[PDB]
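Only one structure is covered here, and it is reproduced in the block below.
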Amino acid sequence: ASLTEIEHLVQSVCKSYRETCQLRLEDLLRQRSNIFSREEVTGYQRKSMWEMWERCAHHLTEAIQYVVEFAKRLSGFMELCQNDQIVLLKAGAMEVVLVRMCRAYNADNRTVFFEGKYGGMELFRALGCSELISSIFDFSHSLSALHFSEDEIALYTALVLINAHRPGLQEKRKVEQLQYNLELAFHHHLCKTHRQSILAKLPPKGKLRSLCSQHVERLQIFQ
Ligand SMILES: CC(=O)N1CCN(C(=O)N2CC[C@](c3ccc(C(O)(C(F)(F)F)C(F)(F)F)cc3)(S(=O)(=O)c3ccc(F)cc3)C2)CC1
């Protein structure tokens with residue numbers, strides 16, 4: 001493919017993302033002032049770990065649906081065999097949610113948008129996972145500090161889903177070509193937007209997997 005075809009791929013991936021971004025960026029930034037009261041935090045803190053794991057897993061399932069809808073809106077992904085479409089979505093859907101999460105994160109007060117309002121990491125106190133909640137706040141802080149754009153999330157998550165390294169793939173070569181083109185599309189877009197600077201400042205690829213595997217470990221016990 002040509003440089004015009006790489007540009008078209010960027011546009012397409014960014015179009016698919018915007019159509020499935022779940023919550024509008026403009027809405028999320030406006031709601032940054034809409035913070036939960038002390039009695040509202042207390043209300044969540046009083047809830048059972050099972051009630052909180054039920055709510056979090058409900059929102060996670062909901063978020064994963066938009067991720068599946070994002071991958072379904074990618075031409076190359078649809079061309080893959082069903083087993084490969086499943087293998088990539090099972091291994092990457094939750095990792096994509098953890099990346100998408102930075103839009104709902106506010107670095108000015110260390111709060112995240114959860115159930116209509118912004119709340120601190122003390123909102124999730126009931127789970128008994130202070131280490132795990134800190135880990136997802138720190139990860140969203142590492143991306144929000146960089147001011148990770150909508151298009152940047154779009155291309156990064158496309159690379160998270162399309163990874164030929166995943167075990168269980170039959171058409172590894174086909175996925176490799178899709179990964180290579182998206183890698184080329186990501187770097188080309190960073191040049192066009194003068195964001196080459198953020199590449200070295202991004203999470204060390206393997207960290208997202210370390211964070212996700214530790215979370216599925218805690219989740220599998222309750223779901
Ligand atoms: C704007 C946008 O696209 N968004 C923002 C709103 N959404 C979220 O942020 N979502 C949807 C579900 C969210 C979510 C649920 C559960 C986890 C866990 O790691 C857990 F251990 F923490 F529980 C897992 F259960 F996996 F173990 C992680 C994320 S959430 O909103 O419930 C949430 C946000 C911040 C947070 F500290 C904790 C939870 C993330 C969806 C994506």
Side-chain angles (χ1 to χ4, degrees), residues 17 20 22 49-72 74 77 80 82-105 110 112-114 120-146 148 152-172 175-176 178-179 182-183 186 198-213 215-223:
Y17 173 74
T20 69
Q22 192 177 348
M49 46 162 74
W50 296 91
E51 173 75 25
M52 283 301 289
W53 274 120
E54 214 185 72
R55 285 172 185 244
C56 289
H58 161 84
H59 304 313
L60 185 60
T61 295
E62 265 211 32
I64 283 157
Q65 291 175 326
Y66 283 86
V67 168
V68 173
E69 203 49 69
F70 162 78
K72 276 160 98 172
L74 309 173
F77 179 87
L80 306 166
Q82 277 224 35
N83 181 277
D84 288 1
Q85 283 177 24
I86 319 304
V87 170
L88 299 172
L89 278 170
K90 184 177 305 146
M94 198 192 137
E95 280 174 9
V96 165
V97 172
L98 302 169
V99 171
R100 281 184 163 213
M101 255 200 69
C102 69
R103 307 167 76 214
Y105 184 90
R110 294 167 287 104
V112 76
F113 184 88
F114 178 81
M121 67 168 79
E122 68 277 5
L123 217 77
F124 311 98
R125 191 217 253 164
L127 299 174
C129 304
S130 188
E131 276 200 78
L132 288 147
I133 308 302
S134 294
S135 299
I136 48 175
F137 265 67
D138 289 4
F139 187 81
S140 287
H141 196 98
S142 83
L143 292 168
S144 68
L146 274 188
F148 215 41
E152 253 127 38
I153 291 152
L155 298 153
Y156 193 88
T157 57
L159 278 166
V160 172
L161 285 170
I162 312 295
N163 182 24
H165 290 170
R166 315 296 208 183
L169 296 170
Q170 282 135 12
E171 292 182 280
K172 200 195 170 178
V175 183
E176 261 165 348
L178 251 59
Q179 181 191 286
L182 285 166
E183 266 159 12
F186 185 55
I198 76 131
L199 211 58
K201 310 200 235 83
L202 280 172
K205 284 185 173 180
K207 183 199 181 189
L208 171 64
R209 303 185 80 256
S210 153
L211 213 89
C212 193
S213 293
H215 271 289
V216 298
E217 161 270 295
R218 203 85 208 146
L219 183 76
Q220 76 204 358
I221 277 140
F222 294 86
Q223 78 88 14

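All residue numbers in this chain count up from 1 along the given sequence.
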Measuring from atom [atom1] of [X] to atom [atom2] of [Y], what distance do you get when rounded to the nearest 0.5 angstrom?
{"X": "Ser142", "Y": "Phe148", "atom1": "OG", "atom2": "CZ", "result": "9.0 Å"}
{"X": "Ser144", "Y": "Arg110", "atom1": "OG", "atom2": "CZ", "result": "12.0 Å"}
{"X": "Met94", "Y": "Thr61", "atom1": "CE", "atom2": "OG1", "result": "10.5 Å"}
{"X": "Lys207", "Y": "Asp138", "atom1": "NZ", "atom2": "CG", "result": "7.0 Å"}
{"X": "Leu178", "Y": "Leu74", "atom1": "CG", "atom2": "CG", "result": "8.5 Å"}
{"X": "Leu132", "Y": "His215", "atom1": "CG", "atom2": "NE2", "result": "4.5 Å"}

Who passes side-chain contact (heavy atoms from CB on, under 4.5 Å) against [X], sequence neighbours left out?
{"X": "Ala63", "result": "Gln22, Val97"}
{"X": "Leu199", "result": "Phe186, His187, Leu190, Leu202"}
{"X": "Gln223", "result": "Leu219"}

Between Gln170 and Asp84 the two heavy atoms that sit nearest each other are N-OD1, 2.9 Å

Salt bridge (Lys or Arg N to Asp or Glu O under 4.0 Å) with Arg125: which residues, sequence neighbours excluded?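 Counting only residues at least two positions away or on another chain, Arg125 forms no salt bridge (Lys or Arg N to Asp or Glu O under 4.0 Å).
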
For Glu69, the salt bridge (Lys or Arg N to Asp or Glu O under 4.0 Å) test, sequence neighbours excluded, returns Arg73

Exercise. Quick one: do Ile221 and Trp53 satisfy side-chain contact (heavy atoms from CB on, under 4.5 Å)? Show the steps, please.
Key: CA-CA 10 Å; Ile221 277 140; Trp53 274 120; over 6 Å; no

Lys72, NZ: over 12 other non-hydrogen atoms inside 6.0 angstrom |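 No, NZ of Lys72 has 12 or fewer neighbouring heavy atoms, counting only those of other groups under 6.0 Å.
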
Worked verdict on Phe124 versus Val112 for side-chain contact (heavy atoms from CB on, under 4.5 Å):
CA-CA 11 Å; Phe124 311 98; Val112 76; 4.0 Å; yes

Residue pairs meeting salt bridge (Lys or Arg N to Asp or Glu O under 4.0 Å), one or both in residues 152-162, sequence neighbours left out, come to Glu152-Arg195

The criterion is side chain to side chain donor-acceptor pair (under 3.5 Å); which residues satisfy it with [X], sequence neighbours excluded?
{"X": "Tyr105", "value": "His141"}
{"X": "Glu62", "value": "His58"}
{"X": "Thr20", "value": "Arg100"}
{"X": "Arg55", "value": "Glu51, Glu115"}

Note to self: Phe113: which residues meet the ring pair (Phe, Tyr, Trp, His ring centres under 6.0 Å) condition with it, sequence neighbours left out?
What the structure shows: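 Listed in chain order: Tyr118.
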
- So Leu88 and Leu169, side-chain contact (heavy atoms from CB on, under 4.5 Å) or not? Walk me through it. CA-CA 8 Å; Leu88 299 172; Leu169 296 170; 3.9 Å; yes

For residues 155-168, which side-chain N or O atoms pair as donor and acceptor with protein atoms under 3.5 Å away, sequence neighbours left out?
unit_1	atom_1	unit_2	atom_2	d
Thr157	OG1	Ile153	O	2.7
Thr157	OG1	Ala154	O	3.2
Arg166	NH2	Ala91	O	3.4
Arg166	NH2	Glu95	OE1	2.8
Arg166	NH2	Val160	O	3.2

- Query: How about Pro203 and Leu208: do any of their side-chain heavy atoms sit closer than 4.5 Å?
  - Reply: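 When only atoms from C-beta onward are counted, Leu208 and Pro203 do not touch, as no gap falls below 4.5 Å.
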
message: Any side-chain to backbone donor/acceptor pair from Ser134 onto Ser130? Under 3.5 Å, distance only.
response: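 Here the side-chain-to-backbone pair exists.
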
